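Per the entry's author numbering, residue 1 is the first one in the sequence shown, and the count goes up by one each step.
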Amino acid sequence: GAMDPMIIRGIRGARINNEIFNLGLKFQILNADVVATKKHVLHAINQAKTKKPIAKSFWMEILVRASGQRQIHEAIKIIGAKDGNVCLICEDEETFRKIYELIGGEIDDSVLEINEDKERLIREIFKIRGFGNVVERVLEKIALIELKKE
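Below, the structure written as structure tokens:
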């Protein structure tokens, strides 16, 4: 399966500003309110590595995969970055530290571990018929077209 390849971290109180993008480093930030777990995000990265559909860039592709294969604009509206409870996607711990400086919040990995509140809203934006574990269910729906739950 996976061993958390990239660095996905959960931060709460992280005020998203335009300066985070001006460092031109390798990062993506999506909504931690709609996330199942790290397994959801790292999977979407892994989809961008194997299949290139129609997206602008690699990190801009990741955000579209996690929503059931979308486009940059749509996926930003649905599961894009917003201030407060937000999901950090990075390659290097130094780059994660860089972005952390500009956003400024508290690290709480529990926003990336799934609960009943995430469960009911997750079925709204992703629209999945499935009970049990939401982590497995979101991957099944988004990766069904992607030709592999990997």
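Note that beta-carbon positions come from the ideal geometry of N, C-alpha and C, so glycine has one too.
Per DSSP, the unbroken alpha helix (DSSP H) holding residue 126 starts and ends at 116-126. The C-alpha of residue 83 is placed about 17 Å away from the C-alpha of residue 118. By the Cβ rule, the segment 96-106 counts as touching the segment 10-30, because three or more pairs are nearer than 8 Å. In this structure residue 49 is exposed. Its beta-carbon is surrounded by fewer than 16 other beta-carbon atoms within 10 angstroms. Of 31, 6 and 86, the smallest CA-CA separation from residue 92 is found for 6.
One thing to note: residue 12 has its Cβ no nearer than 9 Å to the Cβ of residue 36. Bridge partners of residue 86 according to DSSP: 11 and 31. According to the DSSP secondary-structure assignment, residue 105 is paired through a beta bridge with no residue. With a cutoff of 9 Å on beta-carbon distance, residue 30 and residue 86 are scored as near each other. Among the bridge pairs identified by DSSP, residue 80 is matched with 30. Residue 70 and residue 38 have their C-alpha atoms roughly 19 Å apart. If you draw a 10 Å sphere on the C-beta of residue 99, you find 16 or more other C-beta atoms in it, and that means buried.
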